[PDB]
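Student: 70 is the number that the deposited numbering gives to position 27 of the sequence shown; each next residue is one higher, with no gaps. Cβ atoms here follow ideal geometry from the backbone N, Cα and C, with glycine treated the same way.
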Amino acid sequence: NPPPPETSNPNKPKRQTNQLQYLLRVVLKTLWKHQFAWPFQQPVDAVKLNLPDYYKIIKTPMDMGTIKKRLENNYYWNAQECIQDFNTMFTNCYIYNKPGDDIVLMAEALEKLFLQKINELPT
Ligand SMILES: CCN(CC)CCOc1ccc2c(c1)C=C1c3c(ccc(OC)c3O2)C(=O)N1C
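1) Could you pull out every unbroken alpha helix (DSSP H) segment of at least 4 residues lying fully inside the segment 69–145, listed in chain order?
2) What's the C-alpha gap between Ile126 and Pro46?
3) What does the Cβ neighbour count give for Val90, buried or exposed, with the cut at 16 atoms within 10 Å?
4) Going by C-alpha to C-alpha distance, which of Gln64, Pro86, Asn140, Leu158 sits closest to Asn44?
5) By alpha-carbon positions, which one of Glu124, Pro104, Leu158, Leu114 ends up nearest to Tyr137?
6) Is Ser51 closer than 9 Å to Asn121 when the C-beta atoms are compared?
7) Work out the CA separation of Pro82 and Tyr65 for me, nearest whole Å.
8) Which value, in whole angstroms, describes the spacing of the CA atoms of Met149 and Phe157?
9) Give the straight-line distance between the Cα atoms of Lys76 and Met107, rounded to the nearest whole angstrom.
10) Of the residues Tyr98, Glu151, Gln59, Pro48, which one's Cα is nearest the Cα of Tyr119?
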């Protein structure tokens, strides 16, 4: 396994915003409770899952556990930076797999709910 993505970085500037707080309290914590969230709550463990090709294909891994820790630590400058981590997570799943696969159906469902909730953010 590669090291998981950083959740803190002392030479990157931090910021808290109403939108970033909404992404943690409302968006992330609601997606977390969805029945399809469990593949996406932690970095992919390629050793445990026997996916030795996973990190041969995926060069920018992302997961909701990493995102959650970045929000809690105020790692992000703005909401868009965080939204991009969500998009990387969903697109990784479509890249590493095939249309119709069970994991893809799960990601497809979560992406729809994710888009519903970021449709309107706080001001
Ligand atoms: C929630 C805490 N633990 C302990 C049970 C759950 C383990 O998380 C897991 C378990 C199984 C998982 C994954 C994540 C996430 C996957 C995945 C993918 C592809 C194939 C695959 O399997 C063929 C697969 O399998 C994929 O693209 N992702 C993102």
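Tutor: In short, the structure shows the following:
1) 72–75, 89–92, 97–100, 107–115, 122–139
2) As a working note, residue 126 is residue 83 in the sequence shown. As a working note, residue 46 is residue 3 in the sequence shown. Distance between the alpha carbons of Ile126 and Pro46: 22 Å.
3) On the sequence shown, position 47 is the one that residue 90 refers to. When all chains shown are included, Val90 counts as exposed.
4) To locate residue 44, count along the sequence shown from 1; it is residue 1. Taking only the C-alpha atoms, the option nearest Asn44 is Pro86.
5) Locating residue 137 in the sequence shown gives position 94, counting from the first residue. When each option's Cα is compared against that of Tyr137, the closest is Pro104.
6) Counting from one through the sequence shown, the residue named residue 121 turns up at place 78. Counting from one through the sequence shown, the residue named residue 51 turns up at place 8. No.
7) Position 22 of the sequence shown, counting from 1, holds the residue named residue 65. Position 39 of the sequence shown, counting from 1, holds the residue named residue 82. Using only the alpha carbons, I get a separation of about 23 Å.
8) By one-based count along the sequence shown, residue 149 stands at place 106. By one-based count along the sequence shown, residue 157 stands at place 114. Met149 and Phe157: Cα-Cα distance of roughly 12 Å.
9) For the purposes of this step, residue 76 is taken as the residue at position 33 of the sequence shown. For the purposes of this step, residue 107 is taken as the residue at position 64 of the sequence shown. Cα-Cα distance, rounded: 12 Å.
10) As a working mapping, residue 119 is identified with position 76 in the sequence shown. Comparing Cα-Cα distances from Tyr119 to each of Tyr98, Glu151, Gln59, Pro48, the minimum goes to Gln59.
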